[PDB]
Amino acid sequence: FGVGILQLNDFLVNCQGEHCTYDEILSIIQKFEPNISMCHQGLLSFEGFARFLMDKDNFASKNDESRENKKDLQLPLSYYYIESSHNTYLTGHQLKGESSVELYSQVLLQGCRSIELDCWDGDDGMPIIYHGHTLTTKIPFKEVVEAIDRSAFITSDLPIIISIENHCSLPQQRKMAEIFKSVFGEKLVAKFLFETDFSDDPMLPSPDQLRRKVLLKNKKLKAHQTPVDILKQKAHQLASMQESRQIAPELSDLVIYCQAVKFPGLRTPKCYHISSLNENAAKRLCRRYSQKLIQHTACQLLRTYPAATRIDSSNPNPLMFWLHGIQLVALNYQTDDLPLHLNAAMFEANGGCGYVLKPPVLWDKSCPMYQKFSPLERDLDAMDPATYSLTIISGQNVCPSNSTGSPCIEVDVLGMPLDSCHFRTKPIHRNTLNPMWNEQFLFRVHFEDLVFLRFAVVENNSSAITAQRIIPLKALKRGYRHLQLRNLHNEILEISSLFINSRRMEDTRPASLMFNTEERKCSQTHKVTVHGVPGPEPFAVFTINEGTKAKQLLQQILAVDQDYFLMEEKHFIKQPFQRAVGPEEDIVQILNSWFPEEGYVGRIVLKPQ
Ligand SMILES: [Ca+2]
């Protein structure tokens with residue numbers, strides 16, 4: 042009549058990758074089996090098992106439940122992607138359209154940490170913001186700085202970087218400096234703050250150390266060698282009479298950690314230098330100097346922005362840049378397009394605070410692939426990729442206000458080129474309300490740390506995109522799950538969703554270990570279920586890490602005083618497969634060898650020798 046606890050556990054471990062205790066499972070039955078006499082015998086009915094997984098609170102994303110990690114925020118500023126806005130003051134087109142002050146408030150409230158002022162002369166000796174030599178409307182500089190002060194730290198107390206595109210006179214550059222000091226007060230970094238900044242080989246300080254701080258990014262006056270050089274240069278200026286090159290000292294003195302420099306290629310220490318490349322120059326840099334660009338971004342910040350050619354405020358794909366460890370990929374937040382949605386999926390991580398620690402191959406020396414990795418290269422023959430299966434089972438209300446459209450689902454794997462690939466289902470004829478596809482895609486991935494899954498709903502007739510969702514691959518939960526879809530403005534569509542299965546396998550050496558560190562392994566929590574543990578319940582749960590090994594798990598189980606080994610068991614739908622586990626073998630590697638929906642469920646068992 043129904044599913045037992047032992048059998049509901051095998052399904053949850055193997056398909057859903059959730060290790061629940063005897064009691065948490067008795068709870069799921071109590072919550073989904075209405076019939077009390079079933080409930081009293083520990084049996085979930087078949088219609089109740091279906092209700093359990095069809096439930097609206099069976100979401101796909103782990104990022105629903107992600108929050109700031111204090112430790113992950115304790116490394117140098119340059120080890121992080123940093124959510125960034127291009128020409129924040131613009132509402133639409135780059136050469137026409139309005140400037141708005143509020144846009145700084147909206148962007149910063151969202152969790153953005155880098156924003157851009159383009160400062161020009163106002164006819165009354167007060168700096169104004171607008172796109173130079175165009176029909177953009179002008180907004181007051183002061184109003185913008187106040188908007189940033191109010192809203193900078195409402196959503197996230199992690200430091201912002203103000204990108205100043207300085208086109209003012211020296212008189213109005215001094216105004217700018219008064220207003221930065223009077224408005225931001227003790228939040229504005231106006232001096233080197235840390236013991237670590239006066240050390241032999243200095244690094245940028247941690248985004249943690251800089252909570253509730255505002256970093257200016259402007260040009261900084263180069264230090265003159267002697268009194269005479271200053272006076273001689275001054276006599277040169279006088280002698281010939283009959284962005285802006287000059288920099289008010291008042292403003293230069295407020296530039297500390299982010300000293301803008303025309304890009305030098307590949308006397309203030311270099312970790313305080315930062316450069317701003319149009320997308321074309323940054324792409325050239327990524328093709329030509331792949332590994333050098335990665336060694337550069339380990340110690341210094343680099344900022345890319347949209348090409349000048351994109352006058353419609355289109356956006357470039359951020360992946361190229363993030364894979365070379367570029368931190369500030371500055372997008373037009375006013376343009377809903379696939380890249381802005383890629384941006385948003387990236388900065389769901391770490392509580393949406395706007396600082397995400399980089400995949401450790403682009404900074405941690407103890408990563409097997411440190412300095413060997415170029416993301417544009419196909420010859421990864423050293424390593425065995427992880428095998429992903431993704432079933433698109435079905436949808437609900439996938440094209441709002443079009444009951445009679447014919448939808449298919451585009452699924453795009455977006456990562457380094459080698460990991461990239463496109464799928465598309467058959468179109469369901471005239472049913473956007475509860476279409477069923479039950480179509481499966483296989484794909485392999487080497488660099489899990491920066492793949493994005495894009496689900497788009499495409500109305501086959503008009504070929505228009507009606508709903509969309511992007512989710513980091515590592516964020517997708519294994520098993521049967523509901524994927525909340527969103528409209529083309531990345532707003533939640535309260536009823537529209539897809540029902541999906543995903544599976545992951547690991548069969549030279551595995552990629553996820555080649556791209557890992559022993560420090561990240563031992564800090565990644567994983568749960569294991571073990572049957573046959575002396576005790577009341579027939580299976581117990583244990584907290585471990587991706588680094589824990591058979592010998593270590595054995596000590597953890599047994600240490601409490603009353604010749605045992607762990608057994609890898611596969612039970613079929615026969616006689617069970619049984620493999621003794623080697624004392625020095627990684628446990629999580631065994632759980633990731635299993636593949637569900639192949640006629641077995643995996644267990645780990647304690648046995649007497
Ligand atoms: Ca600009």
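The numbers in my numbering rise by one with no breaks, and the one at position 179 of the sequence shown is 220. C-beta: ideal position from N, C-alpha, C; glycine also.
| query | result |
| --- | --- |
| Close-in-space but distant-in-sequence residues of the same chain around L318 (CB under 8 Å, 5 per side omitted) | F304, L326, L343, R344, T345, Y346 |
| Contact belief for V402 with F556 at Cβ below 8 Å, rounded distance in angstroms | 5 Å |
| Nearest-angstrom Cα separation, counted from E625 out to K413 | 28 Å |
| Beta-carbon proximity check, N586 vs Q565, cutoff 7 Å | yes |
| Beta-carbon proximity check, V439 vs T473, cutoff 7 Å | yes |
| Residues of its chain near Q214, where Cβ-Cβ distance is below 6 Å and the 5 sequence neighbours each way are ignored | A289, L292 |
| DSSP three-state assignment for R561, whether helix, strand or coil | helix |
| Simplified DSSP assignment, three categories, for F304 | coil |
| DSSP three-state assignment for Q250, whether helix, strand or coil | coil |
| Proximity test, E206 beta-carbon vs ligand 1 heavy atom, cut-off 6 Å | yes |
| Span of the beta strand (DSSP E), counted from its first residue to its last, around residue 659 | What is shown of the chain runs 42 to 650, which leaves residue 659 out entirely. |
| Those residues which DSSP pairs with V571 across a bridge | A581, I645 |
| Bridge partners - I203, DSSP secondary structure assignment | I156, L257 |
| Reference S331; option with closest CA among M457, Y374, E219 | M457 |
| Distance, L295 Cα to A218 Cα | 8 Å |
| Reduced DSSP category for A497 - H, G, I as helix; E, B as strand; rest coil | strand |
| Cβ separation of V569 and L632, assumed to be a contact under 8 Å, to the nearest whole Å | 7 Å |
| Secondary structure of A371, DSSP reduced to three states | strand |
| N557 Cβ short of 6 Å to ligand 1 heavy atom set | no |
| Cut-off 6 Å between Cβ atoms - residues of its own chain near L307, not counting five sequence neighbours on either side | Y330, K333, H337 |
| Check: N128 C-beta below 6 Å from any heavy atom of ligand 1 | yes |
| Distance cut-off 6 Å: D159 Cβ against heavy atoms of ligand 1 | yes |
| Stretch pair the segment 506-524 + the segment 429-446: three plus CB contacts closer than 8 Å | yes |
| At least three beta-carbon pairs within less than 8 Å, the segment 195-202 to the segment 391-402 | yes |
| Cβ-Cβ distance between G643 and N55 below 7 Å | yes |
| Residues of its chain near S435, where Cβ-Cβ distance is below 8 Å and the 5 sequence neighbours each way are ignored | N475, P476, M477, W478, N479, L539, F540 |
| Given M387 as reference, the closest of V370, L116, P310 once Cα atoms are compared | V370 |
| Given 8 Å, three or more beta-carbon pairs between the segment 110-125 and the segment 237-246 | yes |
| Cβ contact (3+ pairs, closer than 8 Å) linking the segment 123-134 and the segment 147-158 | yes |
| Boundaries of the beta strand (DSSP E) in which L136 is found, first to last residue | Run containing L136: none; DSSP gives neither H nor E here. |
| Contacting residues, own chain, Cβ-Cβ under 6 Å from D249 (five flanking each side not counted) | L114, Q115 |
| Collapsed DSSP secondary structure at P448 in the structure displayed | strand |
| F90 - containing alpha helix (DSSP H), residue span | 87-95 |
| Any C-beta of chain C under 7 Å from that of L279 | The structure shown contains no chain C; it holds only a single protein chain. |
| For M477: DSSP bridge partner residues | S435 |
| Reference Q616, options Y641, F636, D604, closest by Cα | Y641 |
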